[PDB]
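Have a look below at one chain only, the form solved without the RNA, in structure tokens format.
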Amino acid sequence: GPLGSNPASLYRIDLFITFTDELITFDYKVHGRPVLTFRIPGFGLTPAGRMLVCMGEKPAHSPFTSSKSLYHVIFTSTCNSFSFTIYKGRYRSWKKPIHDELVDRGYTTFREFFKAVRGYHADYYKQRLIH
């Protein structure tokens, strides 16, 4: 396959969303460390419900309990493109994302990119425990 990708500029954030009945956790990571973490009271969700939370939508709640599940949301941007991609479980190169979106916008500074990334879940950030 291709020997590599060489984007002239690349900003990336990996958002790990952990679903449990008691808490849902949002971990924004760069270079393997959280740069922002927040948590909301958990609720039951269907698989489509979890994807909608990953998209930043408000899904219907379910009364049913479930076991812990990890979703991996990847934001990347060049100066002229922005990608939004959602995996059930962790990213793998062989794994098909459950949602993949490409925006013809890009970002020239990381601060603007990070602000744009946060906006996807801003309504959940309003619901955070430590407020």
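In case it trips you up, residue 1 is the first one in the sequence shown, and so on.
- Annotation for 13-21 versus 115-123: the higher mean temperature factor (C-alpha) is found in 115-123.
- Higher mean CA temperature factor between 84-92 and 101-109: 101-109, per the PDB entry.
- In this structure the maximum Cα B-factor among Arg33, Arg39, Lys58, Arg50 is found at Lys58.
- In the PDB entry, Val73 places in the lowest third of its chain by CA B-factor.
- Placement of the Cα temperature factor of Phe43 within the chain: middle third of the modelled residues, per the deposited record.
Here the subject shifts to the form deposited with the RNA bound, a form of this protein not shown in this document.
- By the criterion of a heavy atom within 4.5 Å, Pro34 is counted among the residues contacting the RNA in the deposited complex.
- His72 belongs to the set of residues with a heavy atom inside 4.5 Å of the RNA in the deposited complex.
- The shortest heavy atom separation between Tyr120 and the RNA in the deposited complex exceeds 4.5 Å.
- Contact check for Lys29: a heavy atom falls within 4.5 Å of the RNA in the deposited complex.
- Checked against the RNA in the deposited complex, the residues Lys58, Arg105, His99, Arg90 give one hit for a heavy atom within 4.5 Å, which is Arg90.
- In summary, the region of this chain contacting the RNA in the deposited complex, judged by heavy atoms within 4.5 Å and restricted to 90-98, 77-85, 44-52, 59-67, corresponds to 90-98.
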